[PDB]
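Asks: Here is the sequence, then the experimental structure:
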Amino acid sequence: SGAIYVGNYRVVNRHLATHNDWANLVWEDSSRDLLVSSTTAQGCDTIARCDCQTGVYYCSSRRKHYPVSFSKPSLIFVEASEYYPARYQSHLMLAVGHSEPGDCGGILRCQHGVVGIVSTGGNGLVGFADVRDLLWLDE
Ligand SMILES: CSc1ccccc1CC(=O)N1C[C@H]2C[C@]1(CC(N)=O)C2
Ligand SMILES: [Zn+2]
């Protein structure tokens, strides 16, 4: 679990969005596993606007942060799950690191701010949904 709180927006994994997220929907994209909802309180986070390919992410299943080198956002095949059919997930970045079911929502940050959130994993890999291209989050 986990979310990004920026301005009057809450960014979550689309498959973990609550009834309240859907009732306050701003934008969602099944191909990216992202959903953004509106909030009444001002958020605590800031978004990176950069091309960093190194950063640190929070891994809930280890209660620890790990440094990672990750690929640029791209279209990557993801096997079927209870949440989605087998498909290509867009704007996804991969890295070598631990991730298991429950780790989705962990934040990846670089020196500039929040880069994205955990969305995939397994076999010593961790995948992050990028948010750096969503410029409207800043206004
Ligand atoms: C950290 S998630 C994970 C890790 C190891 C093993 C299995 C998982 C679950 C997993 O792949 N999931 C759950 C939900 C998000 C999704 C992938 C996707 N973005 O389409 C569907
Ligand atoms: Zn950066």
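Replies: Cool, the structure landed. Numbers count the residues shown, from 1 in each chain. Ligands and ions are numbered 1, 2, ... in the order given.

Asks: Check which helix or strand the closest residue to ligand 1 within the chain maps to.
Replies: Ligand 1 sits closest to residue 121 of the chain, with a gap of 2.9 Å, by C-beta to the nearest ligand atom. For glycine as for every other residue, the C-beta is placed from the backbone atoms N, C-alpha and C. Assigned by DSSP states H and E, residue 121 belongs to strand 113-122.

Asks: picking that back up, the residue of the chain closest to ligand 1 touches residue 127, doesn't it?
Replies: Yes. Between residue 121 and residue 127 there is a contact at 6.4 Å, judged by C-beta atoms under 8 Å.

Asks: Now do the shared contacts for these two.
Replies: residue 99 (C-beta atoms under 8 Å, 6 or more residues apart in numbering).

Asks: The residue of the chain closest to ligand 1 bridge partners, please.
Replies: Going by DSSP bridges, residue 121 is paired in beta bridges with residue 126.

Asks: dump the residue contacts of the closest residue in space to residue 92 that isn't next to it in sequence.
Replies: Distances taken as C-beta to C-beta, 6 or more residues apart in numbering place residue 76 nearest to residue 92, at 4.7 Å, with adjacent residues excluded. By C-beta under 8 Å, 6+ apart, the contact set of residue 76 is 88-89, 92, 94, 120, 127.

Asks: from these, which two are the most distant?
Replies: 88 and 94 (13.3 Å; C-beta to C-beta).

Asks: in the sheet, who's paired with the spatially most central residue of the chain?
Replies: The chain has residue 117 as the residue nearest its centroid, 2.2 Å off, counting by C-alpha atoms, centre = their mean. Under the criterion DSSP bridges, residue 117 forms beta bridges with residue 107, residue 129.

Asks: any idea how far it is from residue 86?
Replies: 22 Å (C-beta to C-beta, to the nearest Å).

Asks: likewise residue 115?
Replies: 26 Å.

Asks: swap in residue 75?
Replies: 14 Å.
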